[PDB]
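First, one chain by itself in structure tokens, the form deposited in one PDB entry.
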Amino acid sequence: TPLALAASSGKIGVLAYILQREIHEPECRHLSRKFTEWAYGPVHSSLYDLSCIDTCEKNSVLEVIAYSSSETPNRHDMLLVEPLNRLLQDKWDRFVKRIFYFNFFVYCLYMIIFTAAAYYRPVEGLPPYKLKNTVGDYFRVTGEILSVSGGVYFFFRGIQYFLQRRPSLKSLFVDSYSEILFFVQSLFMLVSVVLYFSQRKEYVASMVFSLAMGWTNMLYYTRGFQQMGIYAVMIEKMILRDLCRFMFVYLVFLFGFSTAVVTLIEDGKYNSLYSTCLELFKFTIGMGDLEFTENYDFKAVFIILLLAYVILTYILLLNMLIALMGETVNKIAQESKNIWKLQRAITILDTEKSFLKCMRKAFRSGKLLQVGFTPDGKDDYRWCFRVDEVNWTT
């Protein structure tokens, strides 16, 4: 359709024009989109025809925008057009706000069960473990089998993401950061089951990375909270635009001077590359030891290197990272809000493919008062609408 072709390429001017057309003419109500029904005292109502916007067949304007390949003109600004913004607010507060908070309540009760099933793991060797008849057993083994089943659930839910949208290796690593992190979490959990029944103690490695990931994935549910959701979008921007640029340059100075400190150190505990790469990393934390070794030669060389480390990477690069984060906050004060609107918009559309059996409640704002004097005949119950309101001063 030519409407969805404007949405797919991101033509924001045309998409504003089609969703907001209105003209006073005979045989124009067959063509017009925005209808103005009630003209009372200066607050005037408005009805948007909403034909293929929300509930179209296999190509809907909400589904075209929210599933974009992130290479469009402006995928984040199209949801600010007057029919689309209030409808997603209407589908939120009426329908999906209750079913989103229940999903966050399940996942918060998922990680409590999975923590307490891992916190009280058995300590003796040779997995697996014959559960005793005690009250502590039959009560965390039920905690384990629920926690494994959650890793199975996010695995099959992670596959059917890829089986539907198919981001195809570029929109994967660019526009779908959230669904990978649910999948990699479930991937460590299933590897930790395979290593558990193969009688190896290294399952607790993959369990921990399945547990460290799982709490950091709880920032996914900060969307649906406006002040928190815009905050978690900014955390995404600091990783992709500052630690992409800091941790390259920092690890050059880190691995650079640590290889310069080893070759000066003659022998001892810190003779390896690993044991002194920590000792130069401790300056970044705030636990840097200047005299961390004595067994070398040329003390004047050894402390010029540390001072050239501390001047270059501690009182410059960490104090420069704070300044560059200070500029990307003022730059992404508006763009990070619009990216939050798109993150809510995906979660709204995801539940309509989930709670699809009761498809009547997904429809918005009634289907009535359609065709006032249609030229093809009397079809005044054809298309839906959505009521808004306006302001004063004529």
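Position 1 is the first residue in the sequence shown; the rest follow in order. Here, rigid core means the biggest group of C-alpha atoms that superpose within 1.5 Å across both forms.
Beyond what is shown, the protein has a form deposited in another entry; the following relates to that form.
> Please check if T55 moves between the shown form and the other one, taking a CA shift of 2 Å or more relative to the superposed core as movement.
Moves: yes, 2 Å or greater.
> For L356, does the CA position differ by 2 Å or more between the shown form and the other one when the superposition is done on the rigid core?
After core superposition, the C-alpha of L356 moves less than 2 Å between the shown form and the other one.
> Given that the shift is 3 Å or more, do the Cα atoms of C52 and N85 end up closer or farther apart in that other deposited form than in this form?
So the answer is closer.
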